[PDB]
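I have placed the structure first, in the form of structure tokens, so that the comments after it can refer back to it.
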Amino acid sequence: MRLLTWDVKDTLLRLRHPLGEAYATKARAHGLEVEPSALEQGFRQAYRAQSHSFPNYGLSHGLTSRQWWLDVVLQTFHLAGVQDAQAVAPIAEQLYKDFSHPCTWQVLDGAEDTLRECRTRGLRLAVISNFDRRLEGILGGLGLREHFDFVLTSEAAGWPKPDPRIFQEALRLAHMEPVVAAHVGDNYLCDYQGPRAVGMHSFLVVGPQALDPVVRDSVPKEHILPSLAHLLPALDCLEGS
């Protein structure tokens, strides 16, 4: 293997606080008292609605990803019962900015050691993520950007995983053939099936929870990582063949 590509969710990073709590905490500070559960439901609905009409951050239909997220936050609060856009606007701006701050995130235990160990083996690393343009700066603020040759977001690529074009663009940037590249992430469709459709290897991080039936029934156990601790061992069984 020569290249390992990564998504960041439940592999490298997770949000420190649930969204409802985060939105509610911010709102309280700014004089709006909204229940976290109301915001979590509002957000679910707002995010889905926005994606319905403006897929991949609206970039193909006249929006910027910052505007897309402002729209989602405004609508989250609206559904939660705060319709005054003047009142929410500043809250939305702080949430948008805070998203990039390292204190928003927890780097998973052992993730950075795993990246360092991959590099010491001579692997090139890169990111392939359905994330907006803020991902680069998130990684930089956490001291993780240094490990990666590039960070290819769906915003930058113009197509999200599992579309073959995002993987093909990563391979072009890496100057690598698919057979020497492996992708690692936590979503069956986006991170397991997607890369394999262009001939890359892929490994699915599933956590300690019992398996999704489709994964259980359809994915070889050799490709299933309960945690990142299992990645290098999985790669060695691949190489050993």
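By order of appearance in the structure tokens: chains A, B, ..., then residues from 1 within every chain, and ligands from 1 in the order shown.
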
> If you count only C-alpha atoms, which residues fall within 12 Å of residue 25 of chain A, apart from same-chain ones fewer than 2 positions away, as a ChimeraX atom specification?
Replying inline: /A:17-23,27-36,39,91,94-95

For the interface of segment 175-204 of chain A with segment 208-231 of chain A (cut-off 12 Å, counting only C-alpha atoms), please tabulate each contacting residue of segment 175-204 of chain A alongside its nearest pair of atoms and their separation in Å to one decimal, rows sorted by chain and increasing number, as CSV.
residue,atom,partner,partner_atom,distance
A:182,CA,A:231,CA,10.6
A:183,CA,A:231,CA,10.7
A:184,CA,A:231,CA,8.5
A:185,CA,A:225,CA,9.5
A:186,CA,A:225,CA,9.2
A:187,CA,A:215,CA,10.1
A:188,CA,A:215,CA,7.2
A:189,CA,A:215,CA,10.0
A:191,CA,A:223,CA,11.4
A:192,CA,A:219,CA,8.7
A:193,CA,A:219,CA,9.5
A:196,CA,A:223,CA,11.4
A:201,CA,A:223,CA,8.9
A:202,CA,A:223,CA,7.0
A:203,CA,A:223,CA,4.9
A:204,CA,A:224,CA,5.1

>> Quick check for you: according to DSSP on this backbone, which residues of segment 99-202 of chain A are classed as alpha helix (DSSP H)? Reply as a PyMOL selection string.
In response: chain A and resi 111-120+135-141+154-157+164-174+194-196

> Separation of atom CA of residue 207 of chain A and atom CA of residue 13 of chain A, in Å?
Replying inline: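 Between atom CA of residue 207 of chain A and atom CA of residue 13 of chain A the gap is 13.3 Å.
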
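The closest residue to residue 195 of chain A, picked from A:154, A:119, A:6, A:16 and counting only C-alpha atoms, is A:6.
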
> Any idea what the distance is between atom CA of residue 178 of chain A and atom CA of residue 198 of chain A?
Replying inline: 6.9 Å

> Which residues, written as a ChimeraX atom specification, have at least one atom at most 12 Å from residue 159 of chain A, with only C-alpha atoms counted and residues fewer than 4 positions away on the same chain left out?
Replying inline: /A:55-60,128-132,152-155,163-170,190

Restricting it to C-alpha atoms, dump the selection as a PDB file, in the first residue's frame.
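Wrote it out as out-v4.pdb, contents follow:
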ATOM      1  CA  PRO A  55     -27.445  19.400  -2.199  1.00  0.00           C
ATOM      2  CA  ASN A  56     -23.675  19.568  -1.378  1.00  0.00           C
ATOM      3  CA  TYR A  57     -23.917  22.950   0.389  1.00  0.00           C
ATOM      4  CA  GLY A  58     -25.838  24.591  -2.451  1.00  0.00           C
ATOM      5  CA  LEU A  59     -22.636  25.144  -4.403  1.00  0.00           C
ATOM      6  CA  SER A  60     -24.241  23.944  -7.665  1.00  0.00           C
ATOM      7  CA  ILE A 128     -11.469  12.676   1.544  1.00  0.00           C
ATOM      8  CA  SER A 129     -14.469  14.066   3.437  1.00  0.00           C
ATOM      9  CA  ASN A 130     -18.113  15.162   2.913  1.00  0.00           C
ATOM     10  CA  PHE A 131     -17.421  18.307   4.835  1.00  0.00           C
ATOM     11  CA  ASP A 132     -17.545  21.937   3.849  1.00  0.00           C
ATOM     12  CA  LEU A 152     -10.243  17.014  -0.380  1.00  0.00           C
ATOM     13  CA  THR A 153     -13.696  18.029   0.744  1.00  0.00           C
ATOM     14  CA  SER A 154     -16.932  17.497  -1.180  1.00  0.00           C
ATOM     15  CA  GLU A 155     -17.088  21.289  -1.408  1.00  0.00           C
ATOM     16  CA  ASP A 163     -19.562   9.591  -6.170  1.00  0.00           C
ATOM     17  CA  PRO A 164     -16.595   8.098  -8.023  1.00  0.00           C
ATOM     18  CA  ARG A 165     -15.399  11.561  -9.065  1.00  0.00           C
ATOM     19  CA  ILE A 166     -14.262  12.537  -5.564  1.00  0.00           C
ATOM     20  CA  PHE A 167     -12.124   9.397  -5.246  1.00  0.00           C
ATOM     21  CA  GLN A 168     -10.783   9.819  -8.775  1.00  0.00           C
ATOM     22  CA  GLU A 169      -9.779  13.433  -7.955  1.00  0.00           C
ATOM     23  CA  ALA A 170      -7.944  12.276  -4.782  1.00  0.00           C
ATOM     24  CA  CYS A 190     -19.545   6.592   1.510  1.00  0.00           C
TER      25      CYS A 190
END

>> Taking only segment 73-225 of chain A into account, list the residues labelled strand (DSSP E or B) by DSSP (computed from the backbone), as a ChimeraX atom specification.
In response: /A:105-107,124-129,151-153,181-185,201-205,224-225

> Looking at A:73, A:162, A:173, A:181, which one is nearest to residue 194 of chain A, with distances taken over only C-alpha atoms?
Replying inline: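 Closest residue, counting only C-alpha atoms: A:162.
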
> What is the atom CA of residue 101 of chain A to atom CA of residue 138 of chain A distance in Å?
Replying inline: 6.6 Å

> Closest to residue 9 of chain A among A:180, A:79, A:135, A:238, using only C-alpha atoms?
Replying inline: A:135
